[PDB]
């Protein structure tokens, strides 16, 4: 490809829905000191070195703070061609700003790791997170220019104005969310991402706050597509983002916007 960062097969709808993509995944534990709330976690990455370095995606855990809440994302997204760091934390670190701190640390930990560091293109970083972890993803994106993509999942944040984010951002809301209602969290965030390279809002029909903590084909396929497109500049994934899913019972999508 003209594009040096293209990894893996030409995609299809079936492909991006797979539990695992083309790449076999290895994993390596994280053990670190400090008081930021991130003392452990996991790095998932393609074993194969044949294709070049990959971007790195850090994921902030969910509402209840354990890594287990986001663990399914790690090997699944990594298998499409990413280094993926899942953070473990606890309830002392529930502020989005505290979660942002950890995301920067997780990206830096993987970059600086003797095993995984050589597999990362440090110019191509990304963040995701659930709940306040999704709020923290927005904040980390505002703070780190090397973040090329953000995918907040049912994000919670009292801060509503995201003009400071340049990273392409896909906000995934849950229609029936009673913790971070879309009307006061996700959609205001989408509406204020006025400087994001691209912004998208994808609402999960008839789901609530905790949907992102279980394997979710919608979250996975659109996360894969967004990360591919903005972390890898991979135009092969535009076909899934625009026009995107139609809404209704048959797609499980209650709202989809691009801007």
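Positions refer to the first chain, counted from 1.
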- Would you tell me which stretch averages the higher CA B-factor in the PDB entry, 21-29 or 240-248? 240-248
- Note on the structure: When mean C-alpha B-factors in the record are compared for 180-188 and 129-137, the larger belongs to 180-188
- Name the one of 81, 164, 152, 96 with the greatest CA B-factor according to the PDB entry. 164
- Message: Quick check for you: using the entry's CA B-factors within this chain, is residue 158 in the lowest, middle or highest third?
- Response: highest
- Would you mind checking where the Cα B-factor of residue 193 ranks among the modelled residues of its chain, as the lowest, middle or highest third? highest
- Message: Could you place residue 62 in the lowest, middle or highest third of its chain by Cα temperature factor, using the values in the record?
- Response: middle
- Message: Ranking every modelled residue in this chain by its Cα temperature factor as given in the entry, which third contains residue 50?
- Response: highest
- Task: Using the B-factors in the PDB entry, rank residue 209's C-alpha atom against the chain and give the third, lowest, middle or highest.
- Result: highest
